Amino acid sequence: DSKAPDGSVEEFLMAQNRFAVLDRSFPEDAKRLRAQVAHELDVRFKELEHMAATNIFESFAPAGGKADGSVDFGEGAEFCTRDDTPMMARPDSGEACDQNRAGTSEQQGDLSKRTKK
Amino acid sequence: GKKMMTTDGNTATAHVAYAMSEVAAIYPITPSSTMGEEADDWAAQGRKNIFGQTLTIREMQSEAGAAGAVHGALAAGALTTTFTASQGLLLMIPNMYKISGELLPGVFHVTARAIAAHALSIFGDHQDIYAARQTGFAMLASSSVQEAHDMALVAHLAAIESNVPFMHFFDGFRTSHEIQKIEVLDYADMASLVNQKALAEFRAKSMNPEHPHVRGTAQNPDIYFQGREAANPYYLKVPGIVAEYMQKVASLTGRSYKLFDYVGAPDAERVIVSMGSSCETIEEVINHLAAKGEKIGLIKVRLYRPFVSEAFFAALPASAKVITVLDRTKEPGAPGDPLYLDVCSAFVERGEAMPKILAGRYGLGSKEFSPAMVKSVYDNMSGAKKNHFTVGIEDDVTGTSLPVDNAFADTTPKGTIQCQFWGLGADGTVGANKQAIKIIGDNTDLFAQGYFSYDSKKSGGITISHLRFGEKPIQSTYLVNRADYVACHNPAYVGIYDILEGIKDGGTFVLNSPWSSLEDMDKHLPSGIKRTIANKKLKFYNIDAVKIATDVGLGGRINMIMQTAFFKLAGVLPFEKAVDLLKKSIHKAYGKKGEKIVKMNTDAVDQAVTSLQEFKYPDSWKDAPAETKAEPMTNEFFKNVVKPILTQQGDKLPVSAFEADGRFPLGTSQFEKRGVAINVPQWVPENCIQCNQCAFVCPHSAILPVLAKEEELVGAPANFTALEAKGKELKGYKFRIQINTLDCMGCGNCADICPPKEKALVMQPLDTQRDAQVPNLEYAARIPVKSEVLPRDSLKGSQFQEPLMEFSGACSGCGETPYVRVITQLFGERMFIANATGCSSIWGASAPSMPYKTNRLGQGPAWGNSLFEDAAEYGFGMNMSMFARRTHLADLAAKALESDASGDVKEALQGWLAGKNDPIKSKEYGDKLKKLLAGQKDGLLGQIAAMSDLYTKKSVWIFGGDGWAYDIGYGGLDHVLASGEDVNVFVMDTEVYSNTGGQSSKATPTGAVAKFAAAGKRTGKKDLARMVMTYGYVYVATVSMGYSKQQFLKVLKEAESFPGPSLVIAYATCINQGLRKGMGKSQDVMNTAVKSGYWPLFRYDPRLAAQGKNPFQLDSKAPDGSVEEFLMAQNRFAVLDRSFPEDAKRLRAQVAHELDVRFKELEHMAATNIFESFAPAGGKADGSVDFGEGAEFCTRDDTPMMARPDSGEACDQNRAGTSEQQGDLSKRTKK
Amino acid sequence: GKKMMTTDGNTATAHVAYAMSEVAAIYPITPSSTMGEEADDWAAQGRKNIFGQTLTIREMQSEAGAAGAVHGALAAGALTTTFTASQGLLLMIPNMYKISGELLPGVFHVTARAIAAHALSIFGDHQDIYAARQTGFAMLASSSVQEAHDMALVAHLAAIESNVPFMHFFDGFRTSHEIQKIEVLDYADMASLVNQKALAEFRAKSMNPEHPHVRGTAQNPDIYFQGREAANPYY
Amino acid sequence: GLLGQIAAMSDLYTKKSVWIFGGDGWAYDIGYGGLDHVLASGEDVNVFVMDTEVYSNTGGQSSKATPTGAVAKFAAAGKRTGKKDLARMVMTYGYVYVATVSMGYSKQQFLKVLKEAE
Amino acid sequence: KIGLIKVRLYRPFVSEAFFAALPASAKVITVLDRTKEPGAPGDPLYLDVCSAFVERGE
Ligand SMILES: Cc1ncc(CN2[C@@H](C)[C@H](CCOP(=O)(O)OP(=O)(O)O)S[C@@H]2[C@@](C)(O)C(=O)O)c(N)n1
Ligand SMILES: Cc1ncc(CN2[C@H](C)[C@H](CCOP(=O)(O)OP(=O)(O)O)S[C@@H]2[C@@](C)(O)C(=O)O)c(N)n1
Ligand code: SF4
Ligand code: SF4
Ligand code: SF4
Ligand SMILES: [Ca+2]
Ligand SMILES: [Mg+2]
Ligand SMILES: [Mg+2]
């Protein structure tokens, strides 16, 4: 909604004691820092200009769905989704499951095949 | 009306909280987590509260956020509740003062848990609730599961009528996780007790623009004091309101309560005053002892705040001459703990008889408070009368502990059957016990109780179930120590743990093992057990649960068989009814996929009932030969501290065994060698291409690359097969991949990614591998690690460095530990780790197991866990220390350059100063100074010589999960990175709060299923990386091991060497994501995560911009279209598809769209020509200046807030207009 | 030497805190702001503490961040201090349990101020310091501008030798802002009172990869209680 | 009955506008974690930040909103890090309405933003 | 006949040192707390002083 820097920044800063007092006390550092501010805003404005020119932006979904109901992330999982910790303990936890101590599904199945007997 | 059910304290109170609240703002913290999760589940199922509405529940970024939201909701006129504990309650304290200060009817349900001090504890005690006793909240304690229900209701009703917020609390785990058959009220009954007039008044006084008021004013000395005392009337009335609701609720339930209740001899001479679950155990002991004539009693504290001395005395027998107040907390330096001080105050104000009052401390961090300990407390009152004592520990340092005689008689009511089950992680033992409790409770008049002890180990951990069944109420709030029935479901336990301890004579001992034959049994059963079974005439049974399960088709799955064993032998039910009920239930549950899965279970039951015969044993067991002791070598600390703790004897370690500040030495995990993997890898050297990828990827450091010279392999075992080393720089070396079979967790990741089609790693049963590999790893371990051969940060070369984090308690195949292990291989010897509370702090440092270790020179990660919310600031502090102390060193150095120090010393100092912040040079010259100044003790050179641990440049790292970085610690993280200081942040993104039970975090992706996002998260994943990149001066990068180990190493080197703040976000797989083919596919899943475009890799390096080039670089390619199979291969996404296919499809398409857009934005970032540029520093210069110096107008106001020592000078306060307006006015007023 | 000066409680305290600390993590909150601002200006002016070094002071995002930084700096072996009051002190409570729990020589200088309840107030009372009484910090009160200087010094000296963090507090405004002609000591005098061996010992036990240890473990019911009573000898 | 209850809820008839007012110290520093989370929630709330580029009330201390080179307490030689870009940070969400205003430059753009944000 | 006991070290609270400052002649003692803990049986300093007299047993 605004335009590219018009070059008045130096006067802008120097008209405020929060910047000028630095100029009177540490003239060399102040000079550097005001130029740095000028560079910072130059770049930022340029970045905002591209933002305004881009055609890359993501859709906007307000809300909607919920689908009366919910499900536990461990429901019907092939391997245990919780640990042996008292931290993960829950009222409905405790049912046996594959704790990944025997390897992958594929590795397990192959060991079966290989130890057919 | 009423309704019976068997549940835990958490559910009992959530049952009431849901009914009575309209809003809940929550945050997960153990052990209160269950309440928020149930409330969410019920709201989603359609459960109505007393207003006929589903609860509005929202998860905040922290408990502080939840507390502010609760305050807003209440101020805005909605009945509100929250569930919390420990660290979380502390964060709510500021808002508590506001909520009570504004007389809002809020109710906080707290599972009382210990505060982290010398150490963190998730266990139960009152340190947290006492920390808030001054907030102005009323405090109602419940001491049992049944009471949690009742008190929760009183709290809500009283809060609504009194206008004083309530904190309803019960003991963490001891009450929150104990299962009891109790009675709960219907929601309509609760609704009927609500004071409608009060409710309407609450609504009417609330914030609303239709009839607004101003709240939260700032007040001066003139009126603040008055305003603070104006609520007095309200606090004077709360006690009576609590009493009336206890009575109103009682008329509906039949259970009466008073602010203070008394039990025991009406003429007791020795009385205990206590609060919480301890009260139940104390009472059980009183019944027992009083029946023998002892004049003892107990005063149960219900309403702790307001503390009504009159109600307290109304409960105190006049005959009491000695009173012991028990506080379940510790306030260092205080003249006495809270409850004790309150009771003392009652007696002084009463101003009459002063019986002897004693203070006792107990149960910190859920320490047992058993019957024998109650005996100690009563004996102390008639004996020594030690004051300010502790009970449950042996304080051999300050001698404050009461001796405890464990031969005390069992005090459970007549007819109580007690059971203990020793299970292995995920063998379904706990689940069957909880089912057995439900079955027995719903089909008998028996009271049932269940409590479960778990392992700090997340995988292959041992569980111990304590169950009690009886015709009389079970008040035993302590573990079972004299069991009638004991079952060991893992034959491995037999030789290592004291499983039959305290088992009654004639008790039943059931064992799962394949040792059917007397010779096999005699061969495995330790002498001690045989003697115990013998001398106690135990009903010993053995059952090859694994053979029966296999045969009936259940594939080694033993839960049903052991379940049958309990229902048949425990003796809590008659055989007929038992097997009957058990079967009926199998049809209840299961009954799913055909009658076939039902048949196997039913069959397994019958087979079990049959094969369940009394193992007969020889009278010769009475004195089996006490075996020797083939105990390997370790160190003093592992022998005297960790081993005892790992074998469950930690309770016996006296106070003298621990460091006052709670510290632990590194490397105690080196000796655990648990051997719990079912299958481990087997190296096939004929196919090995010598890449070191298997070691790089191991989540537990269970693979050891070996590079030896001929000479180093002389005494090597015959089977120590080694290949001649491949590679030019390795000409002449013998290479070997040594599998550490006992530390392996058997996940399969190594074998899964081993490059060759003809795998060099194949999974095999642990037994087929241990005999050969144990002595092999042992031998290899003594071979010098060849860290100097290849580049430290090269894929292959990194695995030739010493890993400084091994054998952690992380889950098998954990996606976080591989990253950390490698990080230590690169910087371990010089890093500080400020670890955020989470899985990484839990697998990282759960006493007594310490995975981080030192290298051969004694150097290793200096590791620390402060809190969950402050990891960044904690690491920033360590960095401040290094800055200050190393700046001090630099100053001493320059100073010594201007002295008669020797040319060599000066050369070294000049060298160190120039390379002060360079890891290579600071070490090079620091090492010279260590040599050159050796012995120097005086003057300047002496101070420098004493600061050697500051010579080499240190590496400060901050480790944390996504919950930490995206939520609770985000503000801290953000500020630290914005400081521009040299720190390194490593975020292990699991896309959920893993440790606490899979709760959603802002890092959780769109459509992922997790707690508080159980219909799939409906907001996209927060873009932490892009947010941090807006600074321009922070190195930001993403990594995924499975996609590129090289890129990971490149990122580590670039992030760490960046002289400013660095943020590295890694994709970490986790059991909570539910990887469909096992965690052994983590690497491959990490690979797909990136290829699908789900987890794009990039690096933002500010120094490139400092040299004109674009700081942003993409390291991965556009989405390859595989996201759908990527998502569908994880249950956290697949469950949604099976349950809500319509929305799940939509959400997966949204995710594909999100990642597609994001990647395009990254592509443009990498294509940009416009970028933030700047130098590393420049400036400083001694001196300061105030922003007001020489200003033309006043620069500060007339407030007490801006007043400073030098303020007060006259200035233009802008009341006369502009400089020009004043000038113009001056010309106009010339005169 | 002694020096006669006319100043307020904040300055008298800050005078000492600066001399005895190497690091300071601060956050602004009335009526203690003056202290951190003075410390910052002095460091920028090159004032030397007892180690001949200028103070390393940083402003955090809040007092919780400031307390976590203080904990980290102390854990890493730097004498550290901070200034706060009221709402800010409340935010530091979680870290206070850790700092005392790990027996760290931290020193918090607090201008006791009212807690916001039915209303906010920047003025003085002990509501805030009492809210932190169970944290394990020793608490030493000063009732005048002159005692603020003296207790501040005692608090630092005692925290170093005892390994128990200290909370030096005085009344918001009534003491923090009261001006009085008092006597302050030279930094040299303060330095000569320091227990050099305790200090060396504090640095030797601090976090350092050259000789690591693990701090902040998670403990079960088997050992937590014992671990909590282990610090009794220090208190 | 029902009509009586509905009659008693008239102060809820009109759609309300929930505003959160705060300074830069609040939004960029201490309350950032909460502000961030509340915006990420996607709920209908309006945050209005009055950026003074310092913690004003307490005496002009620097905040992350303080610009490069500005002198303030704790930035006594000019702040040596730039202003934190809270706006671009929040815009990364894609579903949050973000805007910046300056009354002296444009009262109309200010009014337009109020109407659009609310 | 009046006196004042000034509290310097509030924590740890050392009763021995408290009594070393208390006149044996003291028949009435008022403890002033500069705070308010709603619902508490008494404010912090008062509670600490009471405990001192209770434990002394005299
Ligand atoms: C102030 C506060 N609130 C809540 C907690 C509880 N904690 C959590 C919510 C932490 C979850 C960690 O999440 P994330 O994403 O950062 O890590 P990861 O997934 O690796 O686990 S574990 C932890 C603890 C031990 O106390 C408990 O309650 O289980 C806490 N310690 N402190
Ligand atoms: C937890 C905490 N830390 C510190 C403070 C002190 N407060 C601040 C630092 C507030 C300054 C806010 O700055 P910003 O930029 O958000 O707003 P603005 O510039 O408009 O003023 S005024 C205030 C108070 C009133 O209590 C005080 O100490 O003086 C506080 N109230 N709470
Ligand atoms: S199976 Fe897993 S734990 Fe075992 S060596 Fe391989 S990667 Fe390591
Ligand atoms: S991953 Fe396979 S080929 Fe590579 S070093 Fe390991 S065993 Fe050999
Ligand atoms: S991050 Fe996940 S896989 Fe790793 S220890 Fe935690 S719960 Fe287990
Ligand atoms: Ca860095
Ligand atoms: Mg996580
Ligand atoms: Mg401001």
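One is the number of the first residue shown, and numbering goes on along the chain from there.
Determined by X-ray crystallography, 2.3 Å, according to the entry header.
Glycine residues also receive a Cβ, built from the backbone N, Cα and C atoms like all the rest.
Quick look at what Swiss-Prot lists:
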- C:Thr30: site 'Important for catalytic activity' (SITE)
- C:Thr30, C:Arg113: pyruvate binding site (BINDING)
- C:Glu63: site 'Important for catalytic activity' (SITE)
- C:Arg113: site 'Important for catalytic activity' (SITE)
Ordered by sequence, the long-range same-chain Cβ contacts of C:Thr30 (site 'Important for catalytic activity') under 8 Å (at least 6 apart) are C:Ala85, C:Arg113, C:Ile122
Which recorded positions from the list C:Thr30, C:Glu63, C:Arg113 come close to ligand 5, meaning a Cβ under 6 Å from one of its atoms? none
Which one of these recorded positions, C:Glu63, C:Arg113, has the sparsest Cβ neighbourhood, judged by other Cβ atoms within 10 angstroms? C:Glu63
Structural state of C:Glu63 (site 'Important for catalytic activity'), classified by DSSP into three states: helix
Which of the three DSSP-derived classes (helix, strand, coil) applies to C:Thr30 (site 'Important for catalytic activity')? coil
C:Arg113 (pyruvate binding site) -> DSSP, reduced to three states, gives coil
When C-beta separations to chain B are restricted to under 8 angstroms, which of the recorded positions C:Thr30, C:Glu63, C:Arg113 qualify? C:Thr30
